[PDB]
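First come two forms of one protein chain, each written alone as structure tokens, so that there is a structure 1 and a structure 2.
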Structure 1
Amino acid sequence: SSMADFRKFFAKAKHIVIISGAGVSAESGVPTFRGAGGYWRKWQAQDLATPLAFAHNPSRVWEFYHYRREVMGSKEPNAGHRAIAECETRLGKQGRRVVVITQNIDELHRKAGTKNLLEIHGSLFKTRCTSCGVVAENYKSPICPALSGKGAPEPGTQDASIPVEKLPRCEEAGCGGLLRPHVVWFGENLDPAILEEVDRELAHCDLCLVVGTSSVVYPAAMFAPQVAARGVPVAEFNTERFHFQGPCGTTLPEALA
């Protein structure tokens, strides 16, 4: 039904799951690399976010992720992210739970103040050593000196073609292994531990929100339907149970007041 009917459910909901999609990041001007304007140079983003592309050209893969890390400098969380964060803070002092399950890798939910965050696809600001497996936070600009001035999005740009030795290297003593971005690539599974946390949130929630994506599309498809099958209401906020059409920065400040 209406927004007034959603607010009734929202006022009584004690454990809210928020499934956050690409729409939420696109509203902050964050480049998504899906759709028609989801291109970097002469390749598809799907072409680069793969174990195969990193094995054959780690320099080109690192140039792509270096760009994505650098564009975040000028990006700020929108009214959607803020309303989500303030909602968690406020409801937490009332002994009620708000959890954000996101596929976004830009950390804007983290900058807005969301604490209960599940980043199922990893983060741009995390590296993983291909030799020792250590996962680490990395906000350094540029991530390595050979990547200084590299990663121009424009097609025609020559490959930086950095030797593997000069790409980001693990700083753990005696390792020096090749680092990769700590993100889920095409053909890779989600971390089972992260999946267990997700499963647990979905099974205990009394309200579920799907924002800047829909329930009939991945990853919200692996999550939101089994919530609706338990009887629990699902509200979708998108540019396309309850459904609310429009930007998240418009509908969420209101819904989550």
Structure 2
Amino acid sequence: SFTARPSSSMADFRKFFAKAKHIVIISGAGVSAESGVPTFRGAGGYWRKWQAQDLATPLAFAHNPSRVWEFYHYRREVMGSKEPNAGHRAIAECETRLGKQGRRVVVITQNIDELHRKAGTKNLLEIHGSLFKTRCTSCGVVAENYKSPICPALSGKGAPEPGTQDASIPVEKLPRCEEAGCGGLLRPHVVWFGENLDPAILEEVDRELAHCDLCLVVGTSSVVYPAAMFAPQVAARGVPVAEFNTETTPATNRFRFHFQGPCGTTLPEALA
């Protein structure tokens, strides 16, 4: 009986929740699945023939920037009509209600979809960037960008079905920098597989993890690093961590609680 296996007791989690002064909520793509945004775990991890982790890499962008921009353009256009779900709303409303009591809630998200922002979350660390920002590969400037389509050559492009032909847009016609007449090639302002997360963001993440007294880890596979090690760091300080996922993960047995099921059902219950 010694070995702790995670608890499924909602009442015991809610006893910690009632007292918690600083809650960190870490989210991955599962928190947006109920808005109609597929995760990359299964069939939704394919775009044409490629797996998503093979397109979100600086080697794909260096050698076929038109293909990587078609994939991000597809995602931007699909995301424009997507709405926050009950999970994103519970998260946002929890922050607002606890903030009035002087209690802190912060969201550390792997997602680039901005749906936590749309839901009303204020304290948000977007650790992998944003679908709706660009970064210039020449001058480094980061800009918000919601334009549909981002550039004329991408109009009508990005269809996801296997067998769709590549647009093969010449690099000069991909999104270009307009800042002080720079003209450089833009990329998505998204952290890709093989790249370093921003140091300033990581320092803020470390501060929140070190100071929190309760952590939720929601809709993440806990196999994407370094994010996968955030909630185990909190658990190993002896702070309760509650995982909300439709399945178990490689990190589940490190945590105090595991609440199995769709987070749009379990989050409103846990955060009421």
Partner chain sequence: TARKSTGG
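For the two forms, the rigid core is made up of the largest set of C-alpha atoms that agree within 1.5 Å on superposition. FYI, numbering is relative to structure 1, first residue = 1.
Only structure 1 comes from the form deposited without the partner chain. Once both forms are fitted on their rigid core, the CA atom of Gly37 lies 2 Å or more apart between structures 1 and 2. Residue displacement note: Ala203 has its CA displaced by under 2 Å between structures 1 and 2 (rigid core superposed). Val217 shows a C-alpha shift of 2 Å or greater between structures 1 and 2 [criterion: core-superposed Cα displacement of 2 Å]. Superposing the rigid core and comparing between structures 1 and 2 gives a CA shift of 1.1 Å at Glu76. Once the core of the two forms is superposed, the Cα of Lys140 has moved 0.5 Å between structures 1 and 2.
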